[PDB]
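Engineer: enclosed are the sequence and the experimentally obtained structure.
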Amino acid sequence: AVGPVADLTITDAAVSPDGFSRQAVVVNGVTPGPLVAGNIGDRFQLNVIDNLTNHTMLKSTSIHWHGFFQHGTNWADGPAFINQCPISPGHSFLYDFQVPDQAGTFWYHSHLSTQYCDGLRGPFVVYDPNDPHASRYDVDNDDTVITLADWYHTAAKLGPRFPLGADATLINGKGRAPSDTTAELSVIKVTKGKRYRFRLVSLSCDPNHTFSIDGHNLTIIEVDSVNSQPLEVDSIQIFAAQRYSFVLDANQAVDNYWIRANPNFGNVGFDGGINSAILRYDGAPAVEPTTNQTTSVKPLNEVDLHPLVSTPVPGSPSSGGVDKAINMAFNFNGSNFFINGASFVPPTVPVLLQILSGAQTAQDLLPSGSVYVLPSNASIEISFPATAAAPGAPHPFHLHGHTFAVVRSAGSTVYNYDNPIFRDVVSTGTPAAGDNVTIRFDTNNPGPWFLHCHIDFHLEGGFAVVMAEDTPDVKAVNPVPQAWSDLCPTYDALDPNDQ
Ligand SMILES: *[C@@H]1O[C@H](CO)[C@@H](O[C@@H]2O[C@H](CO)[C@@H](O[C@@H]3O[C@H](CO[C@H]4O[C@H](CO)[C@@H](O)[C@H](O)[C@@H]4O)[C@@H](O)[C@H](O[C@H]4O[C@H](CO)[C@@H](O)[C@H](O)[C@@H]4O)[C@@H]3O)[C@H](O)[C@H]2NC(C)=O)[C@H](O)[C@H]1NC(C)=O
Ligand SMILES: *[C@@H]1O[C@H](CO)[C@@H](O[C@@H]2O[C@H](CO)[C@@H](O[C@@H]3O[C@H](CO)[C@@H](O)[C@H](O)[C@@H]3O)[C@H](O)[C@H]2NC(C)=O)[C@H](O)[C@H]1NC(C)=O
Ligand SMILES: *[C@@H]1O[C@H](CO)[C@@H](O)[C@H](O)[C@H]1NC(C)=O
Ligand SMILES: *[C@@H]1O[C@H](CO)[C@@H](O)[C@H](O)[C@H]1NC(C)=O
Ligand SMILES: *[C@@H]1O[C@H](CO)[C@@H](O)[C@H](O)[C@H]1NC(C)=O
Ligand SMILES: [Cu+2]
Ligand SMILES: [Cu+2]
Ligand SMILES: [Cu+2]
Ligand SMILES: [Cu+2]
Ligand code: NA
Ligand code: NA
């Protein structure tokens, strides 16, 4: 683990996480990037050093720290042309922010075009020395982080616009494609008799994964970065960019057990050990498990998750009982996605820079028809009705700058204004279920914040809008460092081929 103060050097390098060799974007020499860690209250100073040379995978870059509120530091959030211009090749940029009021499991990733798909992504943990769940496990360290990622043999800019799934699922950086089922698999070690806090992080660009471990049940204690009541399950469907902490009690016989992460599409199932890793008890021989999957009889359902501490839902407990209700109507024309009639196209001047330069109203802010001006210190309700007009469902939506209440989940026709889970990425479900996923949050974080489908190819296709929150205070609340004001002139001075 590096951090809370660290250099992250970005380069292009050859890698072969499933035995097939390809060029990729790597962080400190590896993909996924190394674990970044600290404790609640730390100040993070992550110096991002751009040494990229390969334009096909972009030579510029920009990093988002997924799940952090960034109160007072909206400039450090990451999304290109929303919160900054990209870092240019051969330059560095110091992201300097504090985490006074959050702890949990997070991650970081490029937030420039579809660059994270090519490798720029890794996990990020903020420990709490008074964690209220600390008494449920014995081990929680670098070796208890489990990442999942889709891997493609053809680069993001060189394959289809909307890929039909990945060549391999990788678990802690390794996995098999059907074309080579002898490639080395990841091993996660446990000691019989000890209890583990496993921190499961989806680094996926697209597929969701159905996650299970042969012979073991899992106790969910954290949802994205929110502590939950303990929920016992035997499988977990996890969508792109989501996180869960689960406790596993290593109390079965000393042996090798299959860890499984089945994608919703691409190469599904497990023939030859695809979509698998190995849980190995100390003592067991270094071989593959021969265990069998049994039918999940206790799968995670989101409506069953509730926060550990009572947290009132924003607003009054009835439909539209808030200061501002926004409905997101989806459309798609074969190459581009739309939200209320507008497909997102990044502006020339970053949204934050427009605001600092005086723009405060929906009328003044660009791009027109994609920026929503929200009142300050108010309750907001957003609904995302599922429709056949938007193929590639279920779309997992992410709100920057905020954790939100899920008042209505996918696969449920009920509204819960009493005790639903809060999180930061939510499946919007499917038209076959008649879904109308609905969320609420309060606006106490002045800044423009991205709201978008976390399937990166959908994002590249324009499936996004901007929440411009409390625009009269943005300038006063987020002072910016000189190195930030210098990003756009350096970036805009570049030759196109050096982007
Ligand atoms: C997914 O979920 C969303 C979010 O709820 C639904 O959209 C809301 O849907 C209902 C349509 O039934 C809308 O409700 C109606 O609102 C009228 C007033 O709307 C205006 O003002 C409100 C409040 O300022 C604004 O939100 C809105 O933009 C309008 O400008 C009321 O007049 C209606 O009351 C009349 O009809 C009702 C219902 O039958 C009667 O009970 C009343 O007595 C009255 O005569 C009604 O409440 C609401 O405006 C929508 N919200 C939006 C767009 O934010 C989606 O429809 C749902 N989609 C799917 C596929 O399920
Ligand atoms: C910069 O990064 C890109 C993207 O990873 C690298 O592209 C790689 O480009 C090569 C050369 O064209 C591709 O190989 C070719 O594939 C085609 C199509 O199947 C085949 O017909 C050719 O005969 C050849 O094998 C390669 O697949 C591609 N890699 C990926 C992941 O898409 C490029 O090499 C990098 N540039 C440098 C200088 O390293
Ligand atoms: C896990 O849960 C199932 C279903 O509740 C239960 O019957 C089973 O014995 C548990 N498995 C283990 C290994 O405890
Ligand atoms: C889809 O919409 C976009 C954005 O309006 C437009 O530029 C593109 O040409 C359209 N594509 C098709 C296939 O119509
Ligand atoms: C608004 O701000 C007040 C004052 O600090 C706070 O107590 C309250 O929870 C907030 N209400 C909303 C709707 O954000
Ligand atoms: Cu993210
Ligand atoms: Cu985010
Ligand atoms: Cu999507
Ligand atoms: Cu984002
Ligand atoms: Na937390
Ligand atoms: Na068997």
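Structural biologist: Looks like it came in fine. Numbering: from 1, shown residues only. Ligands and ions are numbered 1, 2, ... in the order given.
Engineer: which residues in this protein form helices?
Structural biologist: 351-356, 456-460, 474-477, 482-485, 487-492 (DSSP state H).
Engineer: measure how buried residue 473 is and give me the count.
Structural biologist: Residue 473: 12 surrounding residues under other C-beta atoms under 10 Å. C-betas here are computed from N, CA, C, even on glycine.
Engineer: now render the helices of the chain as a markdown table, adding mean neighbour count and distance to residue 431.
Structural biologist: What follows is the helices of the chain, written out as a markdown table (neighbours: other C-beta atoms under 10 Å; distance: least, C-beta to C-beta, whole Å):
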| stretch | mean neighbour count | distance to residue 431 |
| --- | --- | --- |
| helix 351-356 | 23 | 31 |
| helix 456-460 | 22 | 16 |
| helix 474-477 | 15 | 37 |
| helix 482-485 | 14 | 42 |
| helix 487-492 | 16 | 40 |
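Engineer: how about those in JSON lines, adding distance to residue 15?
Structural biologist: Below are these laid out as JSON lines (distance: least, C-beta to C-beta, whole Å):
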{"stretch": "helix 351-356", "distance to residue 15": "34"}
{"stretch": "helix 456-460", "distance to residue 15": "19"}
{"stretch": "helix 474-477", "distance to residue 15": "40"}
{"stretch": "helix 482-485", "distance to residue 15": "30"}
{"stretch": "helix 487-492", "distance to residue 15": "27"}
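Engineer: ligand 6: which of these is closest?
Structural biologist: If you check each of these against ligand 6 by C-beta to the ion, helix 456-460 wins as the nearest, at 9.2 Å.
Engineer: return the residues of this structure in contact with ligand 4.
Structural biologist: Proximity of the chain to ligand 4 (C-beta under 6 Å from any ligand atom) is limited to residues 333-336, 343.
Engineer: quick one on the thing from earlier: got the helices of the chain as TSV, with distance to ligand 7 columns?
Structural biologist: Shown next, in TSV, are those (distance: least, C-beta to the ion, whole Å):
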stretch	distance to ligand 7
helix 351-356	15
helix 456-460	11
helix 474-477	18
helix 482-485	19
helix 487-492	19
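Engineer: name the nearest of the residues of the chain next to ligand 4 relative to ligand 5.
Structural biologist: residue 343 (31.2 Å; C-beta to the nearest ligand atom).
Engineer: burial of the closest residue to the closest one other than its chain neighbours, as a residue count?
Structural biologist: In space, and not counting its chain neighbours, residue 343 is closest to residue 462: 3.5 Å by C-beta to C-beta, 6 or more residues apart in numbering. Residue 462 sits with 22 neighbouring residues when counted by other C-beta under 10 Å.
Engineer: give the contact list for residue 462.
Structural biologist: Contact analysis of residue 462 by C-beta atoms under 8 Å, 6 or more residues apart in numbering lists 336-338, 343-345.
Engineer: make JSON lines from those residues and add neighbour count and distance to residue 253 to it.
Structural biologist: Formatted as JSON lines, the contacts of residue 462 follow (neighbours: other C-beta atoms under 10 Å; distance: C-beta to C-beta, whole Å):
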{"residue": "336", "neighbour count": "16", "distance to residue 253": "54"}
{"residue": "337", "neighbour count": "26", "distance to residue 253": "49"}
{"residue": "338", "neighbour count": "20", "distance to residue 253": "54"}
{"residue": "343", "neighbour count": "19", "distance to residue 253": "55"}
{"residue": "344", "neighbour count": "25", "distance to residue 253": "53"}
{"residue": "345", "neighbour count": "12", "distance to residue 253": "57"}
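Engineer: can you name the residues of this structure sitting close to ligand 10?
Structural biologist: For the chain, the contact set with ligand 10 under C-beta under 5 Å from the ion comprises 103-104, 225.
Engineer: would you map the strands across the stretch 51-200 of the chain?
Structural biologist: 63-66, 92-98, 104-110, 121-127, 145-151, 168-171, 187-190, 195-202 (DSSP state E, counting those that start in this stretch).
Engineer: export those strands to JSON lines and tack on mean neighbour count?
Structural biologist: Shown next, in JSON lines, are the strands of the stretch 51-200 of the chain (neighbours: other C-beta atoms under 10 Å):
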{"stretch": "strand 63-66", "mean neighbour count": "25"}
{"stretch": "strand 92-98", "mean neighbour count": "19"}
{"stretch": "strand 104-110", "mean neighbour count": "25"}
{"stretch": "strand 121-127", "mean neighbour count": "24"}
{"stretch": "strand 145-151", "mean neighbour count": "24"}
{"stretch": "strand 168-171", "mean neighbour count": "26"}
{"stretch": "strand 187-190", "mean neighbour count": "19"}
{"stretch": "strand 195-202", "mean neighbour count": "24"}
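Engineer: need the ones you listed in JSON lines with distance to ligand 5, can you?
Structural biologist: Shown next, in JSON lines, are the strands of the stretch 51-200 of the chain (distance: least, C-beta to the nearest ligand atom, whole Å):
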{"stretch": "strand 63-66", "distance to ligand 5": "23"}
{"stretch": "strand 92-98", "distance to ligand 5": "19"}
{"stretch": "strand 104-110", "distance to ligand 5": "22"}
{"stretch": "strand 121-127", "distance to ligand 5": "24"}
{"stretch": "strand 145-151", "distance to ligand 5": "34"}
{"stretch": "strand 168-171", "distance to ligand 5": "40"}
{"stretch": "strand 187-190", "distance to ligand 5": "42"}
{"stretch": "strand 195-202", "distance to ligand 5": "30"}
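Engineer: which ones are touching residue 59?
Structural biologist: Neighbouring residues of residue 59 by C-beta under 8 Å, 6+ apart: 50, 52-53, 88-89, 498-499.
Engineer: closest to ligand 1 out of these?
Structural biologist: residue 499 (38.5 Å).
Engineer: state the distance from the residue nearest to residue 343 to residue 452.
Structural biologist: Residue 462 sits 9 Å away from residue 452, going by C-beta to C-beta, to the nearest Å.
Engineer: closest point of this structure to ligand 10, which residue?
Structural biologist: Per C-beta to the ion, residue 104 is where the chain lies closest to ligand 10, at 3.5 Å.
Engineer: what pairs with that residue across the strands?
Structural biologist: Following DSSP bridges, residue 104 is listed with bridge partners residue 126.
Engineer: coming back round to it: which members of the contacts of residue 462 are positioned in strands?
Structural biologist: 337-338 (DSSP state E).
Engineer: out of the contacts of residue 462, which comes closest to ligand 6?
Structural biologist: The closest of those, once distances to ligand 6 are taken by C-beta to the ion, is residue 344, at 15.8 Å.
Engineer: can you tell me how far that closest one sits from residue 366?
Structural biologist: Counting by C-beta to C-beta, the gap from residue 344 to residue 366 is 11 Å.
Engineer: go on, residue 314?
Structural biologist: Distance from residue 314 to residue 366, by C-beta to C-beta: 29 Å.
Engineer: of these two, who's got more company?
Structural biologist: Comparing residue 314 with residue 366 by other C-beta under 10 Å, the one with more neighbours is residue 314, at 21 against 17.
Engineer: find the nearest non-adjacent residue to that one, please.
Structural biologist: Distances taken as C-beta to C-beta, 6+ apart place residue 379 nearest to residue 314, at 3.8 Å, with adjacent residues excluded.
Engineer: before we move on, back to that, mind giving me the PyMOL command for buried ones among the contacts of residue 59?
Structural biologist: To isolate the buried ones among the contacts of residue 59 in PyMOL, judged by 16 or more other C-beta atoms under 10 Å, type:
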select buried, resi 50+52+88+89+498
